[PDB]
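Report on one structure; see the data block that follows.
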Amino acid sequence: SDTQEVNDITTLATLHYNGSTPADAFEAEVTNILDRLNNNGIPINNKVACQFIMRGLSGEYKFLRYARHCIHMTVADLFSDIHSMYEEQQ
Amino acid sequence: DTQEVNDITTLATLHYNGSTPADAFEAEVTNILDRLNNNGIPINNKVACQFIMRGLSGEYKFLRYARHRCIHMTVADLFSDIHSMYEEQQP
């Protein structure tokens, strides 16, 4: 709590996702972290946030990284794709 | 175009135990904090100090023990202590 920023940044920098947990829940936790960082004066823009998320994608989700080498893609757009892929894996 | 991600990753994974010059450590940490700021991500004194302290090992861990909740310590103050310790370690 004293170290909220450091912990949130660390989490953002070490994200891993390959569809082993629900896409919704992953999305919710990443949104929460991005929102809290912003509220604590550390602005993570769409590009930087997308890069942190993309770099943690493994399994089939790595192909989303390969596909979006996408100028002006939003977190929302990336999360849409992730959810789509997750739904297809069920 | 991944400069911010790289710089934040560096900041989050710092390591210093006196095996390299304190000056060089300080220079690289300053460089990263400056470049982040220039790329619209200012990192305040507290957060910067926490990242540096967390990376201290060997005898430098004792600086973290002494200062973990040292309210309103500056990066400059922390760097001073690290440099002092380094100078004392030199033969």
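Ordering of the structure tokens sets the chain letters (A, B, ...), residue numbers begin anew at 1 in every chain, and ligands are numbered from 1 in the order given.
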
If you take only C-alpha atoms and a cut-off of 10 Å, which residues of chain B touch chain A, and what are their nearest atom pairs and distances in Å to one decimal, in chain and number order, as JSON lines?
{"residue": "B:1", "atom": "CA", "partner": "A:47", "partner_atom": "CA", "distance": 9.2}
{"residue": "B:2", "atom": "CA", "partner": "A:51", "partner_atom": "CA", "distance": 7.5}
{"residue": "B:3", "atom": "CA", "partner": "A:48", "partner_atom": "CA", "distance": 9.0}
{"residue": "B:4", "atom": "CA", "partner": "A:48", "partner_atom": "CA", "distance": 6.8}
{"residue": "B:5", "atom": "CA", "partner": "A:48", "partner_atom": "CA", "distance": 6.3}
{"residue": "B:6", "atom": "CA", "partner": "A:13", "partner_atom": "CA", "distance": 9.2}
{"residue": "B:8", "atom": "CA", "partner": "A:13", "partner_atom": "CA", "distance": 7.7}
{"residue": "B:9", "atom": "CA", "partner": "A:13", "partner_atom": "CA", "distance": 6.1}
{"residue": "B:10", "atom": "CA", "partner": "A:13", "partner_atom": "CA", "distance": 9.7}
{"residue": "B:11", "atom": "CA", "partner": "A:10", "partner_atom": "CA", "distance": 9.4}
{"residue": "B:12", "atom": "CA", "partner": "A:10", "partner_atom": "CA", "distance": 6.0}
{"residue": "B:13", "atom": "CA", "partner": "A:10", "partner_atom": "CA", "distance": 8.6}
{"residue": "B:40", "atom": "CA", "partner": "A:43", "partner_atom": "CA", "distance": 7.5}
{"residue": "B:41", "atom": "CA", "partner": "A:43", "partner_atom": "CA", "distance": 5.9}
{"residue": "B:42", "atom": "CA", "partner": "A:42", "partner_atom": "CA", "distance": 6.7}
{"residue": "B:43", "atom": "CA", "partner": "A:42", "partner_atom": "CA", "distance": 6.9}
{"residue": "B:44", "atom": "CA", "partner": "A:41", "partner_atom": "CA", "distance": 8.6}
{"residue": "B:46", "atom": "CA", "partner": "A:3", "partner_atom": "CA", "distance": 9.0}
{"residue": "B:47", "atom": "CA", "partner": "A:6", "partner_atom": "CA", "distance": 6.5}
{"residue": "B:48", "atom": "CA", "partner": "A:6", "partner_atom": "CA", "distance": 8.7}
{"residue": "B:50", "atom": "CA", "partner": "A:6", "partner_atom": "CA", "distance": 7.2}
{"residue": "B:51", "atom": "CA", "partner": "A:6", "partner_atom": "CA", "distance": 6.8}
{"residue": "B:54", "atom": "CA", "partner": "A:6", "partner_atom": "CA", "distance": 9.6}
{"residue": "B:69", "atom": "CA", "partner": "A:2", "partner_atom": "CA", "distance": 8.9}

**Request:** Write down as JSON, numbers by chain the residues belonging to stretch 22-62 of chain B that are assigned helix (DSSP H, G or I) by DSSP computed on the backbone.
**Result:** {"B": [22, 23, 24, 25, 26, 27, 28, 29, 30, 31, 32, 33, 34, 35, 36, 37, 38, 45, 46, 47, 48, 49, 50, 51, 52, 53, 54, 55, 58, 59, 60, 61, 62]}

**Request:** Excluding stretch 65-82 of chain A and any residue of its chain fewer than 3 positions from it, enumerate the residues within 9 Å of it, using only C-alpha atoms, and give them as a ChimeraX atom specification.
**Result:** /A:19,23-24,27,31,46-47,49-51,53-55,57,61-62,85-87

Keeping C-alpha atoms for every residue in the selection just given, could you write it to a file as a PDB file, in the first residue's frame?
ATOM      1  CA  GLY A  19      -5.981 -18.590 -21.665  1.00  0.00           C
ATOM      2  CA  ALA A  23     -10.129 -13.612 -20.133  1.00  0.00           C
ATOM      3  CA  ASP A  24     -12.641 -11.439 -18.263  1.00  0.00           C
ATOM      4  CA  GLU A  27      -8.829  -8.034 -18.237  1.00  0.00           C
ATOM      5  CA  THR A  31      -7.635  -2.576 -15.967  1.00  0.00           C
ATOM      6  CA  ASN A  46      -2.582   2.796 -24.603  1.00  0.00           C
ATOM      7  CA  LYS A  47       0.638   1.963 -26.464  1.00  0.00           C
ATOM      8  CA  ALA A  49      -0.114  -0.751 -21.776  1.00  0.00           C
ATOM      9  CA  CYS A  50      -0.671  -2.795 -24.971  1.00  0.00           C
ATOM     10  CA  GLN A  51       3.058  -3.515 -25.164  1.00  0.00           C
ATOM     11  CA  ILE A  53       0.087  -6.993 -22.189  1.00  0.00           C
ATOM     12  CA  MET A  54       1.249  -8.283 -25.592  1.00  0.00           C
ATOM     13  CA  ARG A  55       4.639  -9.267 -24.337  1.00  0.00           C
ATOM     14  CA  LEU A  57       0.830 -13.450 -24.190  1.00  0.00           C
ATOM     15  CA  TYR A  61      -2.242 -15.696 -27.732  1.00  0.00           C
ATOM     16  CA  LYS A  62       1.293 -14.995 -28.987  1.00  0.00           C
ATOM     17  CA  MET A  85      -9.758 -15.973 -28.767  1.00  0.00           C
ATOM     18  CA  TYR A  86     -10.719 -17.177 -25.316  1.00  0.00           C
ATOM     19  CA  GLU A  87     -14.331 -17.767 -26.334  1.00  0.00           C
TER      20      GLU A  87
END

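Here atom CA of residue B:59 stands at a distance of 22.0 Å from atom CA of residue B:30.
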
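You will find atom CA of residue B:70 at 27.6 Å from atom CA of residue B:38.
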
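Of note, atom CA of residue B:74 and atom CA of residue B:26 are spaced 13.1 Å apart.
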
**Request:** Pick out the residues sitting within 8 Å of residue B:53, and hand them over as a ChimeraX atom specification; count only C-alpha atoms, and ignore anything fewer than 4 positions along from it in its own chain.
**Result:** /B:49,61,63-64,68

**Message:** Residues near stretch 80-86 of chain B, anyone? I mean within 8 Å using only C-alpha atoms, not counting same-chain ones fewer than 2 positions away, as a count of residues only.
**Reply:** 12

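The shortest atom-to-atom distance to residue A:17, with only C-alpha atoms taken into account, belongs to A:60 out of A:33, A:1, A:60, A:39.
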
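The residue that comes closest to residue B:7, out of B:73, B:32, B:65, B:52 and on the basis of only C-alpha atoms, is B:32.
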
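With distances restricted to only C-alpha atoms, B:17 is the closest residue to residue B:62 from B:45, B:31, B:39, B:17.
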